[PDB]
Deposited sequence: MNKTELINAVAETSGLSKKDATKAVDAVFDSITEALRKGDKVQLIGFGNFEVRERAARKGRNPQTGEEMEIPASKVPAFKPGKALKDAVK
């Protein structure tokens, strides 16, 4: 499933037009990206959580930030 297909699925099940579904899909992902940028954690009931972890400085290799996702029980169970 790619982005175009996700937008089509969102449009079809929500009743929004494809133009509005597009706006909403972009806003979801842009919002999550902005929250992480600020160093906040995005906690979504049922789905999972997004957070940023810092990878430690070492061996003359600087520290860096890594976006990460932890699946929630609901997603873990649906996939099993």
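- The sole unmodelled region of the deposited chain is 59-68.
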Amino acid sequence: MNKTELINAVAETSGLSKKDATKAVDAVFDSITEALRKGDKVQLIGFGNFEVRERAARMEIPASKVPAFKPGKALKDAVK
From here on, numbers count along this sequence of modelled residues.
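- Set 30-38 against 51-59 and average the Cα temperature factors; 51-59 ends up higher.
- On average the C-alpha atoms of 62-70 have higher B-factors than those of the other stretch, with 16-24 and 62-70 being the two compared.
- The deposited CA B-factor of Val79 belongs to the highest third of values across its chain.
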